[PDB]
Amino acid sequence: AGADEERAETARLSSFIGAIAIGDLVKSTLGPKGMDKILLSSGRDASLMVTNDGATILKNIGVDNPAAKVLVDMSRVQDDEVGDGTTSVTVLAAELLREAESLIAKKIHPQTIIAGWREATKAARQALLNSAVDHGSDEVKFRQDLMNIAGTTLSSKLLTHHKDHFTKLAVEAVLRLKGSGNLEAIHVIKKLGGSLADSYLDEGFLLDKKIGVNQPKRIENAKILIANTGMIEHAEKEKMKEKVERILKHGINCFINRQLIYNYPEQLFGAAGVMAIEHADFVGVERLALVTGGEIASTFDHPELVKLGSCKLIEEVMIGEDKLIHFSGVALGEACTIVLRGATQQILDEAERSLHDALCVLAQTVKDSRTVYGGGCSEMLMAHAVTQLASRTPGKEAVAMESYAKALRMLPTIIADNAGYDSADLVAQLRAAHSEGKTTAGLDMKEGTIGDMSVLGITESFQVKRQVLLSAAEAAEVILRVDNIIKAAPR
Amino acid sequence: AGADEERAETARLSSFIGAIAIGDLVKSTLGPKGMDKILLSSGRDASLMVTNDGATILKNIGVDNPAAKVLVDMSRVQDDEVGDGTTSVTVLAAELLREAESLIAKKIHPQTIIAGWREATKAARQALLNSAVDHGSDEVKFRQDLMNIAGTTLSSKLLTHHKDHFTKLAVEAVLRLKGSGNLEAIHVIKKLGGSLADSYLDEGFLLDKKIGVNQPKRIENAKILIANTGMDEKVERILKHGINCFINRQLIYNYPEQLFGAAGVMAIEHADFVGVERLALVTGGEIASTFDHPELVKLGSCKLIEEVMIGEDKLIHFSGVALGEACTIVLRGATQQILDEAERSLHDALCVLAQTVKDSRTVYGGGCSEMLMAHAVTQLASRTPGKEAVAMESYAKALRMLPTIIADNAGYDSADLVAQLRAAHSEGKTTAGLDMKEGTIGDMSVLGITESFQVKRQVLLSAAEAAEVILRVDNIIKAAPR
Amino acid sequence: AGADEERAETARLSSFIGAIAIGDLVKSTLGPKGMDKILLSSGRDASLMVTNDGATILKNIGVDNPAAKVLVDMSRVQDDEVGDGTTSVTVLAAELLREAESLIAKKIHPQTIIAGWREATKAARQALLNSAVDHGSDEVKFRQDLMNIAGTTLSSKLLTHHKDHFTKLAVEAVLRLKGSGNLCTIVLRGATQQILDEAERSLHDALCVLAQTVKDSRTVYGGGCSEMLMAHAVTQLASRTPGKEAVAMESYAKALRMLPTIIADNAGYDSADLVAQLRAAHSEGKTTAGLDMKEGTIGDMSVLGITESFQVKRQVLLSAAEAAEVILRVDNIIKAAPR
Amino acid sequence: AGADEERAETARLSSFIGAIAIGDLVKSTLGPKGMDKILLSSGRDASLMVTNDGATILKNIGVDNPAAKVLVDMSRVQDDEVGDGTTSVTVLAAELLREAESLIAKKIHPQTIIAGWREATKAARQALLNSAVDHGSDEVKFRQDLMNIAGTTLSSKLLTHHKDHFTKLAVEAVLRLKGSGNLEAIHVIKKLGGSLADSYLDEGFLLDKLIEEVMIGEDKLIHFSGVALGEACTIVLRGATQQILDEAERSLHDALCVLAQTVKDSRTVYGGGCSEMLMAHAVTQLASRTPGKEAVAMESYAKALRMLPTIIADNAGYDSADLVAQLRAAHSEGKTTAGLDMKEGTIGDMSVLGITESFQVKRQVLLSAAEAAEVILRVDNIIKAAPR
């Protein structure tokens, strides 16, 4: 009593139930006809933060008891390896559970169907490189850099009326990112105050702080000082004197501190030609250590060679309407900053959320040099090949391979259902065009029938389709073989 | 009581439950290694009744409120024009309902799904498309009359060591039963004397009664008289007719008995009414009332009536009959549990064979039809339009369970059998199927197992076509009072 | 429970509820894709019965406590002089009740609204002119004899695949029915009992429609062509009349809009895509153009040949206003002592 | 039973219920015979607050857990651009999901239905921009300065028996206000005293050439006036006595923005419901005119306009059914000037009355109504964890 017993049939059900509940919320998200979802919570949750990206919201919060959090957890590894585009990997894993009900029909050890996943491993082989994919994301690329998949990621979001322009900007960010050093420290801030562009690109880093109105406007061959400690009247001057004596030899051009700064030094900095920052955020500083070669913040000894300072251009310029400063010209080159100035339409803030996906979608396109045809083109093609395959295998092999094949049929149907036209007409015409040999043909939702996907400009990352195939099959597989989910009682 | 009110999700579920309950019981029954079962009830039921034949038990009982009896009632129509071989019609129809859970997910128009039933005619082609079976059955057939399908009905049944000879006899019964005389007038009984043949065939109707020790041995150009009212005037107009035999359903008065012997007329005491009703159809009939009944009011066929010792007991044989619609078979046997079950087999044999002659087609048994059928239908779900295709593909996997059930009852491992089974059927051999004795796969034709083509057609027509109305219905079946 | 006696807001509802319950079963009856629906009952009922025609099944049995059986009884007299087409009189009469939810918020004399029915005579005459009526006919007629309204009556029925062929057969019967006589034997396929006699009463409706086609000398374009044209004109009409007349005018007019929507949905195409394109063709002035269901868009009805009898449209227009009118005027149907 | 669970019919229902609750309270408020309500909360609230203006009360309180506060927030942005007249934007939005009963029987995808809002933008723009014109008003303008929009804004406000005159005054404030620099610097205070005029204008600034304390009716105040610069001036309001009078603090703040919009838009549309009926006649054809996805979408939007004629008529006490019928007839005919005359009880010439409304009131409501509403049906449940 209370140990946590699930009885044969029921334990499988908990896995089953987890997959069905998640799929319904996420399906709305997929495609140009996708929707934003907003969640509101109290306490340390400021306001309803709306996440159109299914992956970000699911593991921020562990809503309930049933097992699915780890399955959700895996998607992040997937996210690191390619991210989003649109969230489809969770859906494919979930739909495989429906056939599990039919797996009690066999009334044999469920494990032989596991070999189906062996088949799935080789299913991936025919689920991959089975007619057409785009090929060749070279490097930099004047036009294919965007205006394609990113637009599709944005399509599920309705901010696309002006936002598709923002999405285009994010590829420029990835190209500068390229070099020796992985994707690191990219800082992007949504800003209140509208403009048609909805974004201006900065070559450095933005921090919104100012010492005071007085002080020199520019600093050259700048040296940056960061302190972990905060800053009869003649005695006060001595603190001033120590700060200046060490400061002059170095040539110090800027000072940034995470905590409160004493007023006396502020006056000294303006005359010297040095700009200081009061209560600068720690997060910007840590990012900075990566960028400038860093240093270690100590007491006033901290000047000279115990600290290192990079020196290109540091200045405060008007960005939008809010006064933020730029740090740039990092010798290391490992990390860079992205700046956005949006419209401010309850659709701007959304841009903050949308470009998170920008790091993920574009970076893969860069390394992968491979993709797939969107609008479900990949799924119908794969489905035609798989149904015939089950008879090819000896027999044990056949049951599992065929069940996997029928799963693909539903995906075309889901895209058609959300298009306003019933899917019965759609699948017949869809299959006829795919079986024909035209990989470009796909689901045209605006048309209401079938059309050429490439003209539309919708494409899917190649990694999302190959990685999901091997991963979902095998991940699904661990669940089926586990008869019971065990909770280690209280404590 | 009125009309039962159910809507949408809930209404469908009641139909869903009826199909699953019936399928589990019928499941053990199928094939050579099928199982005999016993049922107990209360009220107007005596003790235990055991029927290997699924159809017989279903007709007798309408136990509860959920829908299923109308479906069950239909199988009798199926029997009249085939029905049996082995019971399998109920099982396939039931598996149709499992797919309905997936239908809610589709969330559009369940009626358009009905068009899958339009595809049912294709199923009539395709289900039986799976490779060529047989083609002759010209009519009567001196050699092709049996020694195939009848044996298969019997194979499930224990009696096959000598029974297979008895089943062979049954086709002869069907040949006289062809055309449209309706499905009526077939009489069978068993006898205590033992022989290798284990059965006999009579050209006429058998009755077991005698007037008394005195009276003539046989009659010719016989006139038959049947009276509703008992004997409890007769000679003067009896002579006029030429009366050869009198049959009365009840007690008979002793005085006329002396008179009949002198006249040369053979009468029957306490004749059973059921024999009498059939006989009237047979002899052109008559109208039975008071002693005024003789002459023209009475019609009598005139071949010959005689009493013949079978070997162990005395019986009376009626033969000829001008009309020709009704005929009888008298069985006897070795004297075993198996002999008693001969009753089980003849009823099954008459119907199986009757359609064997006019069907024009048969199918390979032992699951041969089912595996191949699964292979052909899987390709088509992809070829056909979306939603109708969704219903069609699910149906295809249904065929898979039958191969599993046949191997499983034989004691061999179900998993291993499925893999090896499919490869044989996939290759293209019509003959190859499940050999339970072997434990693997083999040639079905050598076994001699075949199924009537229509047994297969109405297992699926009920599953299909009629199923158009299943989602449509909403409110089903009960009683029929007093 | 505890003794039922309903007044004002909830008393109105019982009339309201009866109309909605009946509509769901009958709505599927209308349009080219419809539901056959079979019912099986207890007590001297032997088997499941199939009747496509909504009116007779309602006649056969009185299933429950709420008032509607008398309303049901009336539809048959309609059958005697014209009867069917598709069963729209029960649903449209019921349709008027949904709007009444709006009326509680109106809180101004519901009774004034009722007088609109009196003014419905004005609406009935509006329906004439609007109806979109053809030429042709030419008595007997080699090709336009059918493949039209009978097809519409039967379009709804599932059996349209095979049955549209035998719908065609019935006009041959009407041609023999013409000439000095006013209003031979035909055999159908069906289930078994008294309920089978439902077919006699149900198919009573099909024979009469065709008979009228030969002696009407007038007919209208089918497939919804008549309905959209009438809708565009009626919107003007509320604006074309004095304010007392206009309120009962304009509300009646939007009702016509729903028919186009039901027709397109059952076809297998998006329901509202059809609505845009449909209105534009009728507005232009082509009476021939209408709803092409296989196409999923709009096309020439005349090429299809589908037409509806002038009488079916003439009578329905007059009948709809009179049947609906009596319900608002009359109480809640009970009182007067001894129960 | 007794828990918060939402799926299928119920998830949609929370959006539905929020809209119906707000509409009943706001419907009374619109029109000359408009009504103002009193709200009482004891938790750290001084007493009952009374707000005639729908926007001010909705912003103030976040009483319940169901979505509606976000919907409320959107109306003020509209106010900055233009805002008021009568509170109708919230009412129209609420009636929009009313049709969703039909939608369950629409038997397809509700999301496709969503393209209604995209359609809504087209339907919305055509009648704002295209209507018969006001033709006059070059600058400052002697007699055409008021007795127009302000009269309509105050129509929903009961004070109109004597406050129509008060509203006349507000344009005079705008004429001085417009020019080389900034919008604002306007202060308004009401005095408890009785006089036919009901209001006074001050050369300078009023705080409670020459500085003195006089006596206005009742309360003592100090007046700074006769400023050499002349660029800045202040308005002092007076009133009869009631809940209605406090309305002026909220009304004037809204009025300054309205008035500013009127001077540099150079465009106006007819008030009294004239604009809405014309749009309705034109929009019914548009769903037809558009391709397909657009049609379900555009037609649903069009019927939303029908309620405005009814809401304006209902307050008057006249039969709502009769009014809608006659209204359509005059607008269809081609007379834009004709509209709803509440004192008349029927329809009349709006231009003779002088009632007109700002071009901005019509463009901002419609452009945001489509995109802002679309975002809300974009999201259904709005899932919460509860914390703190």
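Per the deposition metadata, cryo-EM was the technique used to determine this entry, at a resolution of 10.50 Å.

Looking up chain D in the PDB entry gives the name T-COMPLEX PROTEIN 1 SUBUNIT BETA, with the organism given as Bos taurus. Anyone opening this PDB entry will find it titled "Symmetry-free cryo-EM map of TRiC in the nucleotide-free (apo) state". Word for word, the UniProt comment on chain D under Catalytic activity is "ATP + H2O = ADP + phosphate + H(+)".

As recorded in the PDB entry, chain B goes by T-COMPLEX PROTEIN 1 SUBUNIT BETA and comes from Bos taurus. As stated in UniProt under Catalytic activity, the record for chain B gives "ATP + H2O = ADP + phosphate + H(+)".

Participant: I'd like a rundown of the pairing of strand β4 (residues 289-292) of chain C, residues and numbers included.
Facilitator: Regular strands show a simple pattern: their side chains alternate between the two faces of the sheet. Bridge count between β4 of chain C and strand β5 (residues 297-300) of chain C: four bridges; the pairing is antiparallel. Its bridge partner being in β5 of chain C, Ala289 of chain C is matched across the sheet by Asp300 of chain C.

Participant: So what's going on with the interface of chain A and chain D? Which residues, and what values?
Facilitator: The interface is formed by 26 residues belonging to chain A together with 19 residues belonging to chain D. Overall, the association of chain A and chain D removes approximately 1900 Å² of surface from exposure, summing both partners, and the carbon and sulfur fraction of that is 60%. Summed over the three residues of chain A that lose the most area to chain D, namely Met35, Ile38 and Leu158 of chain A, the buried surface amounts to 25% of that side. When the shortest N-O distance is used, the salt bridge between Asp36 of chain A and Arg378 of chain D registers 2.7 Å. Counting the contacts that link chain A with chain D gives seven residue pairs in polar contact. Along the lines of polarity and charge, the residues of the side of chain A that touches chain D split into 11 nonpolar, eight polar and seven charged.

Participant: Explain the sheet that holds strand β6 (residues 210-213) of chain D to me, and be specific about the residues and the numbers.
Facilitator: All names here are of chain D. Taken together, three strands build an open sheet; the order of strands is β5-β7-β6 and the sheet is antiparallel. The sheet is open, and its two edges are formed by β5 (205-207) and β6, each paired on a single side. Neighbouring strand axes in the sheet, compared pairwise and without regard to direction, differ in orientation by 15 degrees on average. Pairing of β5 with strand β7 (residues 222-225), which is carried by three bridges, proceeds in the antiparallel orientation. Bridge assignment links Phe205 to a residue of β7, and that residue is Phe224.

Participant: Give a detailed account of the nonpolar core, specifying residues and quantitative values.
Facilitator: Residues and elements named next belong to chain D. Ranked by size, the top nonpolar core spans 34 residues in total, and within it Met279, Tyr301, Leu305 and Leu366 carry the most contacts. Among the secondary structure elements, those contributing two or more residues to this core are α4 (89-96), α6 (110-129), α10 (274-289), α11 (293-303), α12 (307-316), α13 (320-333) and α15 (359-378). In terms of residue count, α6 provides more of this core than any other element does, seven residues in total. Excluding its chain neighbours within four sequence positions, the residues that come into contact with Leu366 are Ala124, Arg125, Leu128, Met279 and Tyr301.

Participant: Which residues make up the interface of chain C and chain D, and what are the values?
Facilitator: Of the residues lining the interface, 24 residues belong to chain C; the matching set on chain D comes to 29 residues. In this assembly, chain C packs against chain D so that about 2000 Å² is buried in total across both faces, 53% of it on carbon and sulfur atoms. For the chain C face of the interface with chain D, the top three residues by lost area are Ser239, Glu250 and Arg279 of chain C, together amounting to 23%. In this structure, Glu250 of chain C and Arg328 of chain D form a salt bridge, with 2.8 Å as the shortest nitrogen-oxygen distance. Run the count over chain C and chain D and you get eight residue pairs in polar contact. Contributing elements (two or more residues each) for the side of chain C that touches chain D: α11 (225-239), α12 (243-267) and α13 (271-284) of chain C. If one sorts the elements of the side of chain C that touches chain D by residue count, α13 of chain C sits on top with eight residues. The class makeup of the residues in the side of chain C that touches chain D is eight nonpolar, seven polar and nine charged.

Participant: An account of the sheet that holds strand β8 (residues 275-277) of chain A is requested, with residue identities and associated values reported.
Facilitator: All names here are of chain A. Spatial strand order, β6-β7-β8: three strands in an open sheet with parallel pairing. The open sheet terminates on both sides in strands that have one partner only, identified here as β6 (224-227) and β8. Neighbour to neighbour, the strand axes of the sheet diverge by 15 degrees on average, direction disregarded. Note: β6 against strand β7 (residues 254-257), four bridges, orientation parallel. Counted as the bridge partner of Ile224 is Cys254 from β7.

Participant: If you had to explain the domain arrangement of chain B to someone new, which residues and values would you point to?
Facilitator: Taken domain by domain, chain B holds domain 1 (1-133 + 361-482), domain 2 (134-202 + 325-360) and domain 3 (203-324). Each of domain 1 of chain B and domain 3 of chain B has a C-alpha centre, and these two points are 49 Å apart.

Participant: Can you lay out the domain arrangement of chain D for me, pointing to particular residues and giving the numbers?
Facilitator: How big an interface is tends to be reported as the loss of accessible area on association of its parts. Residue and element names in this part refer to chain D. According to the domain assignment, chain D consists of domain 1 (1-133 + 267-388) and domain 2 (134-202 + 231-266). Averaged C-alpha coordinates put domain 1 and domain 2 at centres separated by 26 Å. Contact with domain 1, which involves 35 residues of that partner, is made by 23 residues of domain 2. The largest per-residue losses of area from domain 1 upon contact with domain 2 belong to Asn52, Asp84 and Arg267, which jointly make up 19% of the total buried on that side. Our count for the domain 1 to domain 2 interface comes out at zero salt bridges. Here domain 1 and domain 2 share nine residue pairs in polar contact between them. Those elements giving two or more residues to the side of domain 1 that touches domain 2 turn out to be β2 (49-51), α3 (69-81), β12 (356-358) and α15. When grouped by side-chain class, the residues that make up the side of domain 1 that touches domain 2 number 11 nonpolar, 14 polar and 10 charged.

Calculation rules
Residues numbered from 1 in each chain as written, not as in the entry; some residues may be left out. Chains lettered and ligands numbered in written order. Part of a larger assembly, values for the part shown. Heavy atoms only, no water. UniProt positions renumbered as here; feature names shortened; annotations may be inferred. Pairing = 2+ DSSP bridges. Helix = DSSP H or I, 4+ residues; strand = E, 2+ residues; numbered from the N terminus. Contact = heavy atoms within 4.5 Å. Buried area = accessible area lost by both parts, 1.4 Å probe. Salt bridge = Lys/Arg side-chain N within 4 Å of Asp/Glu carboxyl O. Polar contact = N/O pair within 3.5 Å; in protein donor to acceptor, adjacent residues only side chain to side chain. Nonpolar A, V, L, I, M, F, W, Y, C, P; charged D, E, K, R; others polar. Axes fitted to C-alpha atoms, helices over the stretch in contact; angles between N-to-C directions. Core = buried A, V, L, I, M, F, W, Y, C linked by side-chain atoms within 4.5 Å. Buried < 20%, exposed > 50% of the residue type's maximum accessible area, 1.4 Å probe, protein only. Domains from an automatic or database assignment.

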